[PDB]
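In what follows, a structure is listed as structure tokens, so that the remarks can point back to it.
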Amino acid sequence: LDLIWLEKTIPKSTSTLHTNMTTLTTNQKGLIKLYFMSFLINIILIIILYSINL
Amino acid sequence: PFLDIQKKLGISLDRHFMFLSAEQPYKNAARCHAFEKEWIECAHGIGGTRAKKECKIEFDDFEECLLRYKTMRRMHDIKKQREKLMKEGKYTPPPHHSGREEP
Amino acid sequence: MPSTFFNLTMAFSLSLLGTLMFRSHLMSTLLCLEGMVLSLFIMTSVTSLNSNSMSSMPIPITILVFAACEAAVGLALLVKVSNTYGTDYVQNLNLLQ
Amino acid sequence: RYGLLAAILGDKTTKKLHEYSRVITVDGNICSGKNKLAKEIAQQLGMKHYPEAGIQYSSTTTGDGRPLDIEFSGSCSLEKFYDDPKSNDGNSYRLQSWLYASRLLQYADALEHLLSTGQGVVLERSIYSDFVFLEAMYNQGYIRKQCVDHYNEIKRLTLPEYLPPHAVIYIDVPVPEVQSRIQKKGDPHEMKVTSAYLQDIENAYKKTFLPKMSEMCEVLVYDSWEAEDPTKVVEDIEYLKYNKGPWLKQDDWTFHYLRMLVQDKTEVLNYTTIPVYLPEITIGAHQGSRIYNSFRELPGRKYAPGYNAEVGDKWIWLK
Amino acid sequence: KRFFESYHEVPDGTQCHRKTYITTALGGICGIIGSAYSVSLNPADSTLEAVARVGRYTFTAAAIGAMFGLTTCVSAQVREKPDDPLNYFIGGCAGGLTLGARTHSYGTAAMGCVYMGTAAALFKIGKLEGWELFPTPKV
Amino acid sequence: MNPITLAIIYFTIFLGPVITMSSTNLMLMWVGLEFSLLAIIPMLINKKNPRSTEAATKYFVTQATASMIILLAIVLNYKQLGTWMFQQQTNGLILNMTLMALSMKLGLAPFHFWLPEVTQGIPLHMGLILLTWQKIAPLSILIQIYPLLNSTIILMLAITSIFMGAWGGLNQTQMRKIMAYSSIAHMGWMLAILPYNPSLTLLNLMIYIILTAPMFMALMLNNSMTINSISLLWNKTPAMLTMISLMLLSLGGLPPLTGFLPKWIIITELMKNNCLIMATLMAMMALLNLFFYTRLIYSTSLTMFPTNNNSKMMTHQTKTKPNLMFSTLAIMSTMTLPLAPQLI
Amino acid sequence: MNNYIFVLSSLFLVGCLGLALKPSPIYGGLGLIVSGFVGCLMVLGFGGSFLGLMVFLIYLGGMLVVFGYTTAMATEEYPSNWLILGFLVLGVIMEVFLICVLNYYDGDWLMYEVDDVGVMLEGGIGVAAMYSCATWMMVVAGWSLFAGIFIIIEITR
Amino acid sequence: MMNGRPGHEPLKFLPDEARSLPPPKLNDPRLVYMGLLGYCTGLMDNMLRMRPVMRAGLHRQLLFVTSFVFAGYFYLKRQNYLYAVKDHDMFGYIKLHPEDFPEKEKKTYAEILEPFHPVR
Ligand SMILES: CCCCCCCCCCCCCCCCCC(=O)OC[C@H](COP(=O)(O)OCCN)OC(=O)CCCCCCCCCCCCCCCCC
Ligand SMILES: Nc1ncnc2c1ncn2[C@@H]1O[C@H](COP(=O)(O)OP(=O)(O)O)[C@@H](O)[C@H]1O
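Protein chains in written order, with the entry's author numbering: chain L, 553 to 606; chain e, 2 to 104; chain K, 1 to 97; chain O, 37 to 355; chain Y, 5 to 143; chain N, 1 to 344; chain J, 1 to 79, 84 to 110, 121 to 171; chain d, 1 to 120.
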């Protein structure tokens, strides 16, 4: 319960949750086309966020 | 604005021409000059939060001088139904359409 | 203008969709970018003209003068790129990863 | 100080250059008599003759100028280089890396004198002619492949910024000659230099260095006999035409930035300290901290020049 | 939009069908958006491969949506308690588990259960206590 | 650079934000934005290294399309109100465009991809200008129009930025990009309070400027774009190790230092306005930012990384000094907290 | 004619559609050049002679030419315009369908209002206001051009 | 916020109305802090530039301790005004719109009956 279970649950898990989240968000091609379309997606969603909450 | 170096210096390089009722060249009055005045001498001394509810008559009108959409609408209706009356052969353009005209 | 200002506006959005999705040559973006400035110039001139707002005609042109230089800078970057990579192709622009 | 302000108001390297003002290096084998030719060429055109770069050349350069203790100067021994080749501690690579840093300081000090005074500079061997020692060392068991890569990386990062030698006077004396020349000035260490290593030095001179700088700069080679005759060699230098080379485009507004670089020694060798951790180069934190606390405590060094009272500086309370 | 809102209008634990449908849609919508960002950046190799990823993300998200909706609604009826935040936690608990499965990982199910459920529970509390999100400036 | 050109450019890079701020006719605000775009591009490619041309060509396209979108908003307004400036009546979509566009020029949230990459290919110096004297302009335009913008979007871009900035930073090891990521984050807090109390945006900016400007002139004193490079700070220049430590922990919100005030009063203002949902999540991941700040602390100060023998050579030579600004902006930044009441 | 404008507007969208599908960059040159022609005419429909000829004079042959100019000098290495034409034709028709949607629900208001008895009414008197009562737009445009000469030489070097 | 107030001085530092407020005592702890804040800046500079920390730039030390302090009096003089405007503004409104800020009667505890939770 000390060491592994109380270190894998609270202290270590929070370590992993983030580590993994940075790995996906920061693995970027660096190509402009990809990045830009993401700008496209954003414009679309924000257009909607206004639209539906008109 | 963020840094009013203009009012302070007294210069007016950017304010003289912000609205349609500003001085137009050769005093050729703009369109909707009958309203924007009425809608900005109203909202002067009254902040926006209260230039948005009580001074709504003058914007609802100025929103119609310019856009002029209610007119478009009314007229369009007149057009459509007139089509229906012509459809029932009820209506025909008066000689006004083809008649002696004023000077 | 009620529907003649919707064509121009959608022209700007169709030009918007263009600049945002690249494909090979960079020139096509720049060129597209310019398609917007034309649509903005046309719309600004159109409303100024039917509002008889002559005090504002200066703007339709200021828009073009600043847009022209803007494009000048854009093309010099483009020439700089096909001097360093022999092509304007965007894929090449992936060193900053 | 030298800066745009000074440059804006005169202080242009353009107005301070003359025919005799060039960067001339003379490179040879371990004993090419280049030391002698150098002094003379210098005496001929009044060129400031810079001595070959040394372990403590930087210490002579900075502050008091008294020679530093070996560990303060990076713990490099040319002496140990020779008696213990392929040493476990790698003193030979550390010797070479410090040597490259020393000539980087010397070349930069030379360029600063050239653009400020206007006088030319003879620098003997240069950063441009340092690689031959490493090429021969890797050809031998002296240095391993990565060690080579680390030097090449430092060379690629720092050498391109500095303008090339105008001309590169060169001497040649076949390996037998140098070995014999070694015997004349006897030194146990210098003496035990495997010929093949001397073979590799000159080779890297002839095969790679000599042609490489021949396009960018005026390479004039002089056999030993032409040498020992500074007059003739000097004559030939005064004869060559300084045309081909990157120096042609150095307008005043371009020199200013180069000057401001050499004017800043801390930058000249900024990339010489790049954090690439090859084992020989690494100070190590505990040893490095001690060497620092000890180098920084030497009189006149504990505070910036002009502010340390030990050596007799005064007016500190108003500086 | 009058649609999604409906979820809240009828008392919780009642009309689970509509709850599950609405919850499934939201998840699915998020799936599409998520896949989109996932395809725009970190693109695929072939159009089909990416269409698949859209599907994968959409379904997984739709699933987490469904089980959340279903579990919370049912947990309510069975427990005969419509405003017990725990309901939602059980639901979020389940939702995480679906995510865990679709990712084939017990561990994810762990974090998924706790983190996801907690979040959903907080939503219930939020609604119960009238917490305001993205509020207008009233200073 | 022919010193004349240097003047023209620098004047434009400086007339650019100033026209934006001073004018009220939006058009004149747009060209202020346009001049900043034109002036910055020449400096960005000064080395003209292959990385640089990439940087500028991205910065320019991202900046240009956003500039065109901002102009479209002004053009649309002109037809919904004859005025050349946003008013209470402005159609909501008109303002949202301006938020997205201006959030691209400032690089907030889902448009945060260009900044980290341009911050990576430009020099440390031009990095500062690209991060701090180019944020003043767009923010001015937003702060002026705050009464009218949407509380929902701003908050979403705010929260997103905080997260993206934090998460991005954790992985990065290049300093230029660690700073780019921090700026995204701080920029997020700033835009969170804009709808509620613009005056605090101007504090969360100045403090960011008084924190980042010393931090970068520190990175360049030794021109280290690597943490490994900044870690050998102890050998190259030992004194800056103390303040580099406090300024970076100040950039994150730790309580004794000046950096807490911006986060503290933004949280106080958001709770005053009832966003105790939003404020809480922001503060929490704000704590992620300090983790990567302290990881750098570890490498540079609390632990001494091994150095290179060739470094002893750089010690010998007199170190060109750091400008005075470093000190005055390091202290006013690391410890002004006892004087917070008058700052706000 | 009738809907003298809507038609043109439609052509403007069509041209920009082309540019959006990134036709080959010198096939895209025309795309702008031709819409630029279209927009030149449009403004000339609302009485904007000067502003209209100003574009035709500046964006048309000045900006756009120079564009293709560089378009050939650089980036002339091109291997699908037909494929583009496919989408162009379909999208064009889709554009029509969208309008057909307005047919389902929702020109007498083109020129809008004018001052019929007048002189000093012509557009183009306004643009000259850069010198009288709007002399700040003129100065900032001038600074941009002066900046451009210095900036580009610095970009090009 | 406070901008847009009637009479606002569009670009002025501290309107003369701030004359009415008391001047900041030169030894106000804050100005004294700014002084120390300054001395430290000076000392820090000496340190980063590798000079005897305290015994050097005794002229600069003065410029610093005396620049920061100078700045303080004139800043605090203003921030003090800004806060003072805030009350003028706040208190006034409480009155001009009295009904919205009504005086309340608080029943003596005798009357009020807060419930008692026993600890036991
Ligand atoms: C609010 C309180 C917050 C916490 C206050 C206490 C902690 C302050 C922050 C410390 C952060 C850095 C910690 C690690 C620093 C490591 C420094 C080091 O390793 O030593 C080398 C360094 C430089 O050496 P150098 O000065 O060049 O040597 C001269 C030789 N003749 O040696 C030096 O740099 C020496 C000079 C360091 C600067 C002086 C620090 C003294 C301690 C400051 C205490 C402030 C107390 C404030 C109390 C507030 C109460 C409200
Ligand atoms: N980069 C280097 N690496 C190793 N040894 C070097 C390097 N540069 C110079 N040396 C050594 O310095 C010694 C003295 O060179 P030099 O001054 O030419 O000899 P002399 O003074 O007899 O003419 C040579 O034996 C040579 O091996």
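Idealized CB from N, CA, C, for every residue including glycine.
Spatial neighbours of residue i in its chain, beta-carbon cut-off 7 Å, leaving aside the 5 residues before and after
| i | result |
| --- | --- |
| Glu9(d) | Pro15 |
| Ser56(K) | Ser48 |
| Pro110(N) | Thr160 |
| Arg83(e) | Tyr92 |
| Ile26(J) | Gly68, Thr71 and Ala72 |
| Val34(J) | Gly15 |
Exposure label - residue i; buried when at least 16 CB within 10 Å
| i | result |
| --- | --- |
| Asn127(O) | buried |
| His34(e) | buried |
| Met73(J) | exposed |
| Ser330(O) | exposed |
| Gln25(e) | buried |
| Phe3(e) | buried |
| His88(d) | exposed |
| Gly324(O) | buried |
| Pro60(K) | buried |
Partners in chain L for residue i, counting only beta-carbon separations shorter than 8 Å
| i | result |
| --- | --- |
| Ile37(Y) | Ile593 and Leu597 |
Presumed contact (8 Å Cβ cut-off) between residue i and residue j, rounded CB distance
| i | j | result |
| --- | --- | --- |
| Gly35(Y) | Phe72(Y) | About 13 Å; that fails the 8 Å criterion. |
| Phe101(J) | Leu60(J) | About 31 Å; that fails the 8 Å criterion. |
| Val62(O) | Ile207(O) | 7 Å |
| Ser39(Y) | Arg22(Y) | That belief does not hold up - the Cβ atoms of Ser39(Y) and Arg22(Y) are roughly 26 Å apart, past 8 Å. |
| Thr27(Y) | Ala70(Y) | 6 Å |
| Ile165(J) | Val73(K) | 6 Å |
Beta-carbon neighbours of residue i, restricted to chain N and to distances below 7 Å
| i | result |
| --- | --- |
| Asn572(L) | Those within 7 Å of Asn572(L) in chain N number zero; the least Cβ separation is about 10 Å. |
| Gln79(d) | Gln342 |
Sequence-distant residues of its chain with Cβ nearer than 6 Å to residue i (five each side left out)
| i | result |
| --- | --- |
| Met2(d) | none |
| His97(e) | none |
| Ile88(J) | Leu21 and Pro23 |
| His186(O) | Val312 and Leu314 |
Under 7 Å by beta carbon: chain K residues contacting residue i
| i | result |
| --- | --- |
| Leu21(e) | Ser51 and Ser53 |
| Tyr109(J) | Within 7 Å Cβ-Cβ: nothing; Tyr109(J) doesn't reach chain K, min ~13 Å. |
Under 8 Å by beta carbon: chain N residues contacting residue i
| i | result |
| --- | --- |
| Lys5(Y) | In chain order: nothing, as chain N lies at least about 14 Å away. |
| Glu168(J) | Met1, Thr5, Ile9 and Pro42 |
Close beta carbons around residue i, own chain, < 8 Å, minus the five adjacent residues each side
| i | result |
| --- | --- |
| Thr75(Y) | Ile94, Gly95, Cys97, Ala98 and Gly99 |
| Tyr307(O) | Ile190, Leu193 and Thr194 |
| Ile297(N) | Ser245, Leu248 and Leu249 |
Contact set between residue i and chain O, taken where Cβ atoms lie within less than 9 Å
| i | result |
| --- | --- |
| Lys47(N) | Neighbours of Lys47(N) on chain O: none; closest Cβ ~11 Å, over 9 Å. |
Neighbour list for residue i in chain O, Cβ cutoff strictly below 7 Å
| i | result |
| --- | --- |
| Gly57(d) | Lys355 |
Chain-ordered neighbours of residue i on chain K, where CB pairs are closer than 8 Å
| i | result |
| --- | --- |
| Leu583(L) | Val90, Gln91, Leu93 and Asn94 |
| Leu67(e) | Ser51 |
Chain N residues whose Cβ lies nearer than 9 Å to that of residue i
| i | result |
| --- | --- |
| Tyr73(d) | Chain N residues near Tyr73(d): none, gap ~12 Å exceeds 9 Å. |
Interface partners of residue i on chain Y, CB under 9 Å
| i | result |
| --- | --- |
| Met278(N) | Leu137, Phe138 and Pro139 |
Exercise. Fully enclosed by the segment 16 to 88 of chain Y, which alpha helix (DSSP H) runs are 4 residues long or longer?
Worked result: 20 to 44 and 51 to 83
Problem set entry | beta strand (DSSP E) runs wholly inside the segment 152 to 211 of chain O, at least 3 long, in chain order | 206 to 208
Exercise. Unbroken alpha helix (DSSP H) runs of length 4 or more, entirely within the segment 152 to 233 of chain N: which are they?
Worked result: 175 to 192, 198 to 221 and 227 to 231
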